[PDB]
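Structure file final_5.cif; described as mmCIF, C-alpha atoms; chains and numbers go by the auth columns.
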data_run
loop_
_atom_site.group_PDB
_atom_site.id
_atom_site.type_symbol
_atom_site.label_atom_id
_atom_site.label_comp_id
_atom_site.label_asym_id
_atom_site.label_seq_id
_atom_site.Cartn_x
_atom_site.Cartn_y
_atom_site.Cartn_z
_atom_site.B_iso_or_equiv
_atom_site.auth_seq_id
_atom_site.auth_asym_id
ATOM 1 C CA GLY A 1 -16.293 1.620 -17.996 0.00 1 A
ATOM 2 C CA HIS A 2 -16.857 2.907 -14.464 0.00 2 A
ATOM 3 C CA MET A 3 -15.278 1.618 -11.223 0.00 3 A
ATOM 4 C CA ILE A 4 -16.744 0.771 -7.807 0.00 4 A
ATOM 5 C CA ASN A 5 -15.263 0.780 -4.285 0.00 5 A
ATOM 6 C CA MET A 6 -11.917 2.541 -4.781 0.00 6 A
ATOM 7 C CA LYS A 7 -9.976 3.915 -1.797 0.00 7 A
ATOM 8 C CA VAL A 8 -6.840 6.072 -2.160 0.00 8 A
ATOM 9 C CA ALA A 9 -4.602 8.097 0.140 0.00 9 A
ATOM 10 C CA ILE A 10 -3.312 11.280 -1.643 0.00 10 A
ATOM 11 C CA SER A 11 -0.364 13.015 0.110 0.00 11 A
ATOM 12 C CA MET A 12 -1.462 16.654 0.690 0.00 12 A
ATOM 13 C CA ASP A 13 0.330 19.753 1.931 0.00 13 A
ATOM 14 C CA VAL A 14 -2.464 22.313 2.591 0.00 14 A
ATOM 15 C CA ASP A 15 -4.115 23.035 -0.740 0.00 15 A
ATOM 16 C CA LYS A 16 -2.295 20.697 -3.208 0.00 16 A
ATOM 17 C CA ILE A 17 0.038 17.692 -3.594 0.00 17 A
ATOM 18 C CA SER A 18 2.876 17.615 -1.032 0.00 18 A
ATOM 19 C CA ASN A 19 6.495 17.088 -2.146 0.00 19 A
ATOM 20 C CA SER A 20 6.819 13.549 -0.731 0.00 20 A
ATOM 21 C CA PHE A 21 5.000 11.004 1.461 0.00 21 A
ATOM 22 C CA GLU A 22 7.507 11.732 4.275 0.00 22 A
ATOM 23 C CA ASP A 23 6.572 15.482 4.111 0.00 23 A
ATOM 24 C CA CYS A 24 2.770 15.466 3.676 0.00 24 A
ATOM 25 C CA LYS A 25 0.744 17.338 6.298 0.00 25 A
ATOM 26 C CA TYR A 26 -2.340 15.134 5.775 0.00 26 A
ATOM 27 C CA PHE A 27 -3.714 12.325 3.607 0.00 27 A
ATOM 28 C CA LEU A 28 -6.870 12.950 1.614 0.00 28 A
ATOM 29 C CA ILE A 29 -8.788 9.633 1.607 0.00 29 A
ATOM 30 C CA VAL A 30 -10.656 9.747 -1.741 0.00 30 A
ATOM 31 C CA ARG A 31 -13.805 7.537 -2.051 0.00 31 A
ATOM 32 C CA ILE A 32 -14.878 6.506 -5.620 0.00 32 A
ATOM 33 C CA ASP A 33 -17.991 4.358 -6.136 0.00 33 A
ATOM 34 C CA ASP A 34 -18.940 4.726 -9.863 0.00 34 A
ATOM 35 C CA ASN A 35 -15.868 6.333 -11.604 0.00 35 A
ATOM 36 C CA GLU A 36 -16.618 9.530 -9.581 0.00 36 A
ATOM 37 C CA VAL A 37 -15.678 10.678 -6.094 0.00 37 A
ATOM 38 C CA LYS A 38 -18.747 10.345 -3.810 0.00 38 A
ATOM 39 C CA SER A 39 -16.964 11.537 -0.596 0.00 39 A
ATOM 40 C CA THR A 40 -13.592 12.437 1.018 0.00 40 A
ATOM 41 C CA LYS A 41 -11.633 12.347 4.367 0.00 41 A
ATOM 42 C CA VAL A 42 -8.605 14.127 5.927 0.00 42 A
ATOM 43 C CA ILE A 43 -6.177 12.037 8.057 0.00 43 A
ATOM 44 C CA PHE A 44 -3.494 14.418 9.434 0.00 44 A
ATOM 45 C CA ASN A 45 0.085 13.086 9.082 0.00 45 A
ATOM 46 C CA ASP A 46 1.331 12.699 12.696 0.00 46 A
ATOM 47 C CA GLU A 47 1.940 9.010 13.509 0.00 47 A
ATOM 48 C CA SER A 48 -1.638 7.985 14.510 0.00 48 A
ATOM 49 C CA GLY A 49 -2.529 9.095 10.938 0.00 49 A
ATOM 50 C CA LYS A 50 -0.364 6.492 9.136 0.00 50 A
ATOM 51 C CA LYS A 51 -1.690 3.795 11.522 0.00 51 A
ATOM 52 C CA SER A 52 -5.239 4.372 10.219 0.00 52 A
ATOM 53 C CA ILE A 53 -4.116 3.971 6.540 0.00 53 A
ATOM 54 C CA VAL A 54 -3.217 0.347 7.395 0.00 54 A
ATOM 55 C CA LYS A 55 -6.767 -0.416 8.668 0.00 55 A
ATOM 56 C CA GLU A 56 -8.470 1.685 5.916 0.00 56 A
ATOM 57 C CA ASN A 57 -7.678 -1.168 3.423 0.00 57 A
ATOM 58 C CA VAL A 58 -6.549 1.404 0.802 0.00 58 A
ATOM 59 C CA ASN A 59 -6.432 0.343 -2.869 0.00 59 A
ATOM 60 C CA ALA A 60 -3.517 2.638 -3.791 0.00 60 A
ATOM 61 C CA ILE A 61 -1.310 5.565 -2.640 0.00 61 A
ATOM 62 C CA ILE A 62 -0.514 8.597 -4.860 0.00 62 A
ATOM 63 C CA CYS A 63 2.530 10.805 -4.082 0.00 63 A
ATOM 64 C CA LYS A 64 5.241 12.825 -5.854 0.00 64 A
ATOM 65 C CA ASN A 65 7.931 10.867 -3.885 0.00 65 A
ATOM 66 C CA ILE A 66 8.428 8.311 -1.091 0.00 66 A
ATOM 67 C CA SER A 67 11.286 7.368 1.225 0.00 67 A
ATOM 68 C CA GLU A 68 12.838 3.944 0.539 0.00 68 A
ATOM 69 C CA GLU A 69 11.892 2.546 3.987 0.00 69 A
ATOM 70 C CA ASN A 70 8.201 3.572 3.864 0.00 70 A
ATOM 71 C CA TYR A 71 7.930 2.213 0.301 0.00 71 A
ATOM 72 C CA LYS A 72 9.172 -1.209 1.482 0.00 72 A
ATOM 73 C CA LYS A 73 6.433 -1.082 4.179 0.00 73 A
ATOM 74 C CA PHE A 74 3.411 -0.045 2.115 0.00 74 A
ATOM 75 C CA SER A 75 4.339 -1.851 -1.206 0.00 75 A
ATOM 76 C CA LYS A 76 3.183 -5.148 0.442 0.00 76 A
ATOM 77 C CA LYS A 77 -0.518 -4.929 -0.666 0.00 77 A
ATOM 78 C CA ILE A 78 -1.217 -1.295 -1.769 0.00 78 A
ATOM 79 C CA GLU A 79 -0.300 -0.097 -5.264 0.00 79 A
ATOM 80 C CA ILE A 80 1.936 3.016 -5.064 0.00 80 A
ATOM 81 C CA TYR A 81 1.520 5.528 -7.913 0.00 81 A
ATOM 82 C CA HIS A 82 3.340 8.627 -9.097 0.00 82 A
ATOM 83 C CA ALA A 83 1.607 11.966 -9.158 0.00 83 A
ATOM 84 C CA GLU A 84 1.690 13.603 -12.639 0.00 84 A
ATOM 85 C CA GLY A 85 0.894 17.144 -11.445 0.00 85 A
ATOM 86 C CA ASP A 86 0.028 19.534 -8.622 0.00 86 A
ATOM 87 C CA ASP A 87 -3.680 19.628 -9.639 0.00 87 A
ATOM 88 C CA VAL A 88 -5.186 16.953 -7.385 0.00 88 A
ATOM 89 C CA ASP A 89 -8.248 16.747 -9.680 0.00 89 A
ATOM 90 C CA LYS A 90 -6.112 15.928 -12.775 0.00 90 A
ATOM 91 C CA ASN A 91 -4.329 13.285 -10.671 0.00 91 A
ATOM 92 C CA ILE A 92 -7.672 11.801 -9.521 0.00 92 A
ATOM 93 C CA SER A 93 -8.968 11.474 -13.133 0.00 93 A
ATOM 94 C CA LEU A 94 -5.656 9.939 -14.318 0.00 94 A
ATOM 95 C CA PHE A 95 -5.799 7.428 -11.432 0.00 95 A
ATOM 96 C CA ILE A 96 -9.454 6.476 -12.189 0.00 96 A
ATOM 97 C CA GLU A 97 -8.330 5.378 -15.678 0.00 97 A
ATOM 98 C CA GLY A 98 -4.958 3.944 -14.500 0.00 98 A
ATOM 99 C CA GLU A 99 -2.978 6.429 -16.673 0.00 99 A
ATOM 100 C CA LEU A 100 -0.687 7.228 -13.666 0.00 100 A
ATOM 101 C CA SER A 101 2.632 5.358 -13.569 0.00 101 A
ATOM 102 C CA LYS A 102 2.944 2.795 -10.732 0.00 102 A
ATOM 103 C CA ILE A 103 6.197 3.563 -8.875 0.00 103 A
ATOM 104 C CA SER A 104 8.278 0.371 -8.965 0.00 104 A
ATOM 105 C CA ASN A 105 11.628 2.304 -9.084 0.00 105 A
ATOM 106 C CA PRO A 106 11.699 4.615 -6.024 0.00 106 A
#
Since I need it in another form, could you write the structure as structure tokens?
Amino acid sequence: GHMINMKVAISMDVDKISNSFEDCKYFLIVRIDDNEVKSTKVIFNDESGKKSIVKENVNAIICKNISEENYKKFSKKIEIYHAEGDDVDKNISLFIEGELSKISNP
């Protein structure tokens, strides 16, 4: 029954989900404010990018994969989820409901 004030980082290549967090080209910052996406952002993935994610106060990350080291960094307040597709919009809807599997075995 709805949701308010979500913030995610989705690991993008150029036009869909990147292979892994370590190989994204940018992060799409999704904004959800009543079970629907009311705006978006692009943080390119070159160092200064990842810094901003810390201060964004993200709710969760979505990716197909992560490196072990970066997991151990980010898994200290932000819920890391598995992608279930290449269709970002399917992965957004699944995340809204919490149907995506939380990666606890990278």
Find, counting all atoms listed in the file, the residue in A:76, A:67, A:91, A:84 that gets nearest to residue 22 (chain A).
-> A:67
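Proximity of A:74, A:27, A:81, A:95 to residue 54 (chain A), computed with only C-alpha atoms, is greatest for A:74.
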For a cut-off of 6 Å around (-14.1, 1.1, -5.0), file coordinates, pick out all residues using all atoms listed in the file and list them as JSON, numbers by chain.
-> {"A": [4, 5, 6, 7, 32, 33]}
Let me know the residues the PyMOL selection byres ((chain A and resi 104-106) around 8) catches in the file above, as a count of residues only.
-> 8
Taken to one decimal, the CA of residue 52 (chain A)-CA of residue 79 (chain A) distance is 16.9 Å
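Across the chains present, the PyMOL selection byres ((chain A and resi 10-19) around 7) applied to this file returns residues 8, 9, 20, 21, 23, 24, 25, 26, 27, 28, 29, 61, 62, 63, 64, 65, 86, 87 and 88 of chain A.
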Would you put the residues from that selection into a file with C-alpha atoms, as an mmCIF file, keeping the file's coordinate frame?
data_model
loop_
_atom_site.group_PDB
_atom_site.id
_atom_site.type_symbol
_atom_site.label_atom_id
_atom_site.label_comp_id
_atom_site.auth_asym_id
_atom_site.auth_seq_id
_atom_site.Cartn_x
_atom_site.Cartn_y
_atom_site.Cartn_z
ATOM 1 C CA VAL A 8 -6.840 6.072 -2.160
ATOM 2 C CA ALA A 9 -4.602 8.097 0.140
ATOM 3 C CA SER A 20 6.819 13.549 -0.731
ATOM 4 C CA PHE A 21 5.000 11.004 1.461
ATOM 5 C CA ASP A 23 6.572 15.482 4.111
ATOM 6 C CA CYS A 24 2.770 15.466 3.676
ATOM 7 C CA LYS A 25 0.744 17.338 6.298
ATOM 8 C CA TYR A 26 -2.340 15.134 5.775
ATOM 9 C CA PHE A 27 -3.714 12.325 3.607
ATOM 10 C CA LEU A 28 -6.870 12.950 1.614
ATOM 11 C CA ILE A 29 -8.788 9.633 1.607
ATOM 12 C CA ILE A 61 -1.310 5.565 -2.640
ATOM 13 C CA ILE A 62 -0.514 8.597 -4.860
ATOM 14 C CA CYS A 63 2.530 10.805 -4.082
ATOM 15 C CA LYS A 64 5.241 12.825 -5.854
ATOM 16 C CA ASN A 65 7.931 10.867 -3.885
ATOM 17 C CA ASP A 86 0.028 19.534 -8.622
ATOM 18 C CA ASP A 87 -3.680 19.628 -9.639
ATOM 19 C CA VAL A 88 -5.186 16.953 -7.385
#
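The shortest atom-to-atom distance to residue 51 (chain A), with all atoms listed in the file taken into account, belongs to A:73 out of A:99, A:89, A:73, A:83.
Closest to residue 98 (chain A) among A:75, A:60, A:70, A:39 is A:60, based on all atoms listed in the file.
The interatomic distance for the pair CA of residue 34 (chain A) and CA of residue 2 (chain A) works out to 5.4 Å.
The gap separating CA of residue 82 (chain A) from CA of residue 58 (chain A) is 15.7 Å, in Å to one decimal.
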